[PDB]
Structure formats: structure tokens, C-alpha cells
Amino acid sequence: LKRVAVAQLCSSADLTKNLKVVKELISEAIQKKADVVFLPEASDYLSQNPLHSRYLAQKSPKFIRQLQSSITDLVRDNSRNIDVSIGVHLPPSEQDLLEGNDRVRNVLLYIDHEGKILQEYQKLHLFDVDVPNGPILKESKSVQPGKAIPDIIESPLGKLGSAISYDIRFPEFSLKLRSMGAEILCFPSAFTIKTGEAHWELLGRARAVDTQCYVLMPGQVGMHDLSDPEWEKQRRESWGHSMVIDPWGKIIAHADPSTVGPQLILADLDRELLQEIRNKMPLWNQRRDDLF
């Protein structure tokens, strides 16, 4: 049994305020003896519009640098290792701008105990959706789509496949990650209210059952304060309900609905249980690759 921490937070437009919350949650995860802590999509910031996102993304490389140092500081101060999986934004590359693409990158970072960035997964599927009884969102206006399938990470919990929010809606991605050797899948998200109440738990449980993997789901929660009285002169609401799901689709950890804002949930991952399930229903020996 290995210990995982899944964080639930509420990003603002303020990167310093967010970093403080992120640092405390990681510190809390170390004390509760988790080997990896998982934090939601857009943990660095959420923005009012495409232009505000481009503005804040410029501050993101600094945010990341300070995060890396905080991890090494906390590892040393606590006398135990931890790895960090976190959703951030990134500015366009120098090539990207000359190439005529001035959009930010929605990225999931994996940072080991040495503060070393092991993976930068850029979101493949972008949220361009007219939410029924909800907002009209077009992620592709401010965000550039990723170019590659992310590698399996040999994590302290085991083999990890990573994805971001809307990626969860495309089963072929999760299936491919299992084919590559995933034992654990993560879906850090800033999930809307209306789709969240409809599909969050459903999709999380389905992907766990479909792939026979543990599924980790860090989610943003509540109404986001996008207030920026520096950018405004000189709406977003997230579902929360962060959870951990076993390879049989059972919820084994869930966020406390009462407590407002930042919280941490804990679960112990069992490799024997995972192997038992895959042995009893060997789906990966039963696919019809000849046809599909």
C-alpha cells in the first residue's frame, strides 16, 4: 500500500495567493505521509478572458521556479520525499509567436522530490462547449492544443498516465494510456457546475472501470475570484467533489462538501487489488485489435 494525496483548491487571478495555498497543501501532504500529491488544472491562475490569460501566463515561469524551490525546501524540512503533479499555464514559445500562434499552453507538470520537472503534458482536447444551462466557453481562443501523447511516468505510486479535465471525455486516450502500461490515471480539472453535477463522478468511475486503473481526480471548487485591480485599470465556478477511485469503480476517497476552499484527501493504493481485478477480468487479452 502506497499513499496518495489529492488536492482541492480555488484558484484566483492572483499567483502569489495561489502559490501560498499550493505550498501549504503540499506541506500538509508530506506530514500525512503521501508519496505523491495531485493538484488541479490551472492551479497557478484562472483568468477573466483570453487577454488576461496571456497577461498572467507571463508570470507562470516565475510561479514554477518558486514552486520547485519550495518542494526541495519542504522535502528537506520534513525529512521525507514527495513528488508533485500540478496543472499550470505556460506562455507561447519564441518559435510559437513567429509561427503566428500567440496562445498559452494548458500544462500538467510532474515534479520529483529533487524539484526536477519530469513531464510537461500539454492538454490535447480543448473545452469548446456551449454548456446546457451554463456558460459558452471556448478554450481554444486562449489555449493552444498539445502535440503528443504523454509518456507513462514511473511514479512512487506505480505507473502513471496523465490527462487534463476535458481529456476524460475521449475514452480512446485513457485506453491508450492503459495499453502503454498505466496503473494509475489522473484527471486534474477545472470542471464547470452543470457538466460536473451531470458527469464528473460518472466519467471518473467509468474510466476506472474501463481501464482497470486507480483514478485520481483533483478538482477546482466554488466561485473563483478573478479580481485583478491592476489589470482591470492599468465568470468561473467549479464543481469540486475531488475523489480517488479504485480499479473496480469504487470511490475510496472524496472531498468533504462542507469545508469551503482548500482541502486535502488521502487514499492508500493497493497493487495487489489492482492485479487481482485485471487477472479476474483480463480485458487487455480480450480486445479485438484485428477489428478496432
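Start at 1 and count along the sequence shown; that's the residue number.
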**Item:** Interresidue gap class [residue 234, residue 235; deposited sequence, unmodelled]
**Value:** 10 or more
**Message:** Which is higher on mean Cα B factor in this entry, 201-209 or 74-82?
**Reply:** 74-82
**Request:** Name the higher of the two by mean Cα B-factor in the PDB entry, 83-91 versus 163-171.
**Result:** 83-91
**Complete:** One of 36, 42, 226, 244 has the largest Cα B-factor in the entry, namely 226
**Asked** Taking the Cα B-factors listed in the entry, which of 106, 133, 189, 140 comes out highest?
**Response** 133
**Item:** residue 15 - which third its CA temperature factor falls in, relative to the rest of the chain
**Value:** highest
**Fill in**
Of the three thirds of the chain ranked by Cα temperature factor, residue 180 occupies the lowest
**Request:** Consider only the C-alpha atoms of the modelled residues in this chain, order them by B-factor as the entry records it, and name the third containing residue 124: lowest, middle or highest.
**Result:** lowest
**Request:** Report the third (lowest, middle or highest) to which the CA temperature factor of residue 115 belongs, ranking only the modelled residues of the same chain.
**Result:** middle
**Asked** Which third, lowest, middle or highest, does the CA B-factor of residue 52 fall in along this chain?
**Response** highest
